[PDB]
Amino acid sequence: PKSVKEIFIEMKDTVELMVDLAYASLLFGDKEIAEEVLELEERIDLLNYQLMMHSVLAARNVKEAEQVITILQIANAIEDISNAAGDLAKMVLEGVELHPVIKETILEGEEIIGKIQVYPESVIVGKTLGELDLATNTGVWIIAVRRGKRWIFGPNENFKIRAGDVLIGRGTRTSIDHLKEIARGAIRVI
């Protein structure tokens, strides 16, 4: 038996990832990332359905119905951000020629998206994301990892980095360049 909070947290955590990937796919014109986004859009509809199922069954009296509505209302805004993400994804899958200012805009905002190469020498090779907490210890958020021909989306704390992995992360420009050097093996301390 899942809780409303459980379901709700995954919705928020998933849509945050979806918006990040929609931008990743636009920047790299990557159709596989774009397709991950639409799969996630489905999971959101499924989570929202379940949130409604729990919510509806839970209101006993008037005051509680009133509250259960504030939840649906928020899940609705999350729902709208999810479809918006899907929209950006479709543009990539459609294969339309993107105006150059789009990729530059994603690389020059307060928070950009960056691609990081991991070298054999890097002090992070062998460390899990959990152990590392780059989000925590570097402000760079790892949203995906291209390990050869495969993609690991929304990797967890168990995921262990290998030389050759290409980290896809979000953070400030400075956060990303820094992290890149830690990955070339230029910076031996994290």
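The first residue of the shown sequence is 1; numbering continues from there.
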When the Cα temperature factors in the entry are averaged, is it 151-159 or 25-33 that ends up higher? 151-159
If you average the CA temperature factors as listed in the entry, which stretch comes out higher, 88-96 or 75-83? 88-96
Which is it among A59, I143, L51, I44: the one with the largest CA B-factor in the entry? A59
Which third, lowest, middle or highest, does the CA B-factor of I176 fall in along this chain? highest
Among all modelled residues of this chain, ranked by Cα B factor, put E121 in the bottom, middle or top third, i.e. lowest, middle or highest. highest
Taking only the Cα B-factors deposited for this chain, tell me whether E39 sits in the lowest, middle or highest third. middle
Select lowest, middle or highest to describe the third in which the CA B-factor of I7 falls within its chain in this entry. lowest
